[PDB]
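Chain identifiers are assigned alphabetically (A, B, ...) following the order of the sequence lines, protein sequences preceding nucleic acid strands; residue numbering begins at 1 within each chain. What's counted below: heavy atoms across the whole structure, side chains too, no hydrogens, waters or symmetry copies.
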2 protein chains.
Amino acid sequence: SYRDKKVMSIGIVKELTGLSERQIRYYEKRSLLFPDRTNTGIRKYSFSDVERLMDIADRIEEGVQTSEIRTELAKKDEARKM
Amino acid sequence: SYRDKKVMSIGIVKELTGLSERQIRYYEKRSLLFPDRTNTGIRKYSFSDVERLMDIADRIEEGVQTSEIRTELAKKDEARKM
DNA sequence: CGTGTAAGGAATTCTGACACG
DNA sequence: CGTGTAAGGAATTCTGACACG
């Protein structure tokens, strides 16, 4: 159950994903991932979010807009619940 | 492999374990766990360290000195490698 | 449209110490 | 011996903006 527990701040994610804080916080602004937040506002990510970020980055490179990606991901969640 | 990846700063550990930063940093000073460190000195813990902390706290409550605990844990590592 | 940067501040962690015991 | 606290500073994150495009 460790995979989905939100426990690592943005700095760690930046390293694990090789992405800038600008990119990471933006994808979230595009509703591509929903990190948790501490009462003091610091964003908390889980290992699952770390991978989600790598998928987003992959599609971004392949010249894909967040919207398209946002849809792709949406389709993947309904099936997971099945 | 998420279980052992060092990714969460002391604040998160404090919450997950209900232990004070004083206790956590001390157990490490007693060589009861070895957190990673970022180049900027911030300590990094893994889910495995989180559990290790709960075992330490458990024995501490049962009136056990870190030394004894340190030994108990030592014995558990050799067997794991087997 | 995705992303880089400088800006000012708010919250986090770190270390060594004094304390009691 | 394990742990609480105040102290001063160093590093982290957050947000909104200007930029190009």
Side-chain angles (χ1 to χ4, degrees), chain A, chain B residues 1-29 32-58 77 80:
Chain A
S1 63
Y2 302 143
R3 181 249 178 52
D4 308 289
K5 207 69 186 184
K6 312 284 192 187
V7 282
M8 60 196 91
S9 56
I10 205 164
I12 299 163
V13 181
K14 175 170 76 176
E15 174 177 65
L16 258 53
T17 62
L19 292 177
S20 61
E21 308 183 69
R22 191 68 165 102
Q23 299 182 316
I24 286 167
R25 289 200 275 262
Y26 180 70
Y27 299 145
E28 170 187 9
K29 197 183 199 62
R30 300 295 293 164
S31 64
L32 264 53
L33 69 154
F34 304 73
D36 248 41
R37 293 260 184 167
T38 77
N39 291 3
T40 62
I42 288 161
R43 250 164 287 220
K44 275 306 129 183
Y45 309 76
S46 79
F47 275 112
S48 156
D49 294 311
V50 172
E51 304 168 40
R52 202 176 177 86
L53 257 334
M54 309 187 249
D55 301 322
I56 296 295
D58 289 314
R59 263 80 84 187
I60 285 301
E61 296 157 41
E62 306 178 304
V64 184
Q65 224 227 74
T66 44
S67 316
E68 309 198 358
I69 292 162
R70 194 206 101 261
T71 306
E72 303 176 333
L73 271 55
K75 269 76 188 77
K76 300 183 218 172
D77 286 353
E78 292 189 301
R80 191 282 181 187
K81 307 168 193 173
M82 336 193 53
Chain B
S1 63
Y2 302 143
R3 181 249 178 52
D4 308 289
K5 207 69 186 184
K6 312 284 192 187
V7 282
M8 60 196 91
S9 56
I10 205 164
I12 299 163
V13 181
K14 175 170 76 176
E15 174 177 65
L16 258 53
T17 62
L19 292 177
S20 61
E21 308 183 69
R22 191 68 165 102
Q23 299 182 316
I24 286 167
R25 289 200 275 262
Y26 180 70
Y27 299 145
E28 170 187 9
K29 197 183 199 62
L32 264 53
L33 69 154
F34 304 73
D36 248 41
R37 293 260 184 167
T38 77
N39 291 3
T40 62
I42 288 161
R43 250 164 287 220
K44 275 306 129 183
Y45 309 76
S46 79
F47 275 112
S48 156
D49 294 311
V50 172
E51 304 168 40
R52 202 176 177 86
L53 257 334
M54 309 187 249
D55 301 322
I56 296 295
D58 289 314
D77 286 353
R80 191 282 181 187

*Where do B:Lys44 and B:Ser9 land on the side chain to side chain contact (heavy atoms under 4.5 Å, CB included) test, with the steps shown first?*
CA-CA 5 Å; B:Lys44 275 306 129 183; B:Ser9 56; 3.2 Å; yes
*With sequence neighbours left out, which residue pairs that include part of residues 56-82 of chain A fulfil the ring-ring contact (aromatic ring centres under 6.0 Å, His included) condition?*
none
*Does B:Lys5 NZ have over 12 foreign heavy atoms under 6.0 Å away?*
no
*What distance separates A:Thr66 OG1 from A:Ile60 CD1, expressed to the nearest 0.5 Å?*
6.0 Å
*Does anything in residues 22-57 of chain A pair up under ring-ring contact (aromatic ring centres under 6.0 Å, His included), and if so which pairs, sequence neighbours excluded?*
A:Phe47-B:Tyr2
Going by atom type alone, with no hydrogens or angles, which donor-acceptor pairs under 3.5 Å involve a side-chain atom of residues 10-20 of chain A and a protein atom two or more places apart or on another chain?
unit_1, atom_1, unit_2, atom_2, d
A:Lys14, NZ, A:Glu21, OE2, 3.4
A:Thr17, OG1, A:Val13, O, 2.6
A:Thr17, OG1, A:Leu19, N, 3.3
A:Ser20, OG, A:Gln23, N, 3.2

_Checking A:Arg30 against A:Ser67 for the side chain to side chain contact (heavy atoms under 4.5 Å, CB included) test, could you report, in this order, the C-alpha distance in whole Å, the side-chain angles of both residues, the deciding distance, and whether it holds?_
CA-CA 8 Å; A:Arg30 300 295 293 164; A:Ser67 316; 3.4 Å; yes
_Against A:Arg43, only a single residue in A:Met8, A:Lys6, A:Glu28 fulfils side-chain contact (heavy atoms from CB on, under 4.5 Å); can you say which?_
A:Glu28
*Under a 4.0 Å N-O cut-off, is there an ion pair linking A:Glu68 with A:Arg59?*
no
_Distance in Å, A:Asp58 CG paired with A:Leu53 CG, rounded so as to fall on 0.5 Å steps_ = 10.5 Å
*So which pairs with a foot in residues 73-82 of chain A pass salt bridge (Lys or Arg N to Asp or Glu O under 4.0 Å), sequence neighbours left out?*
A:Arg52-A:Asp77
*First locate atom CE of A:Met54, then atom CG of A:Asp49, and finally report the distance between them rounded to the nearest 0.5 Å.*
10.5 Å
_From CG (B:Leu33) to CG (B:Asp55), nearest 0.5 Å_ = 11.0 Å
_Contacts of type side chain to side chain donor-acceptor pair (under 3.5 Å), residue A:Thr38, not counting sequence neighbours_ = A:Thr40
_Would you compute the distance between atom CG of A:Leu32 and atom OG1 of A:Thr71 and round it to the nearest 0.5 angstrom?_
9.0 Å
_Separation between CG of A:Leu73 and CD1 of A:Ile56, rounded to the nearest 0.5 Å_ = 4.5 Å
*Of all residues at least two apart in sequence or in a different chain, which pass the salt bridge (charged side-chain N to carboxylate O under 4.0 Å, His left out) check with B:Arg3?*
B:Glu51
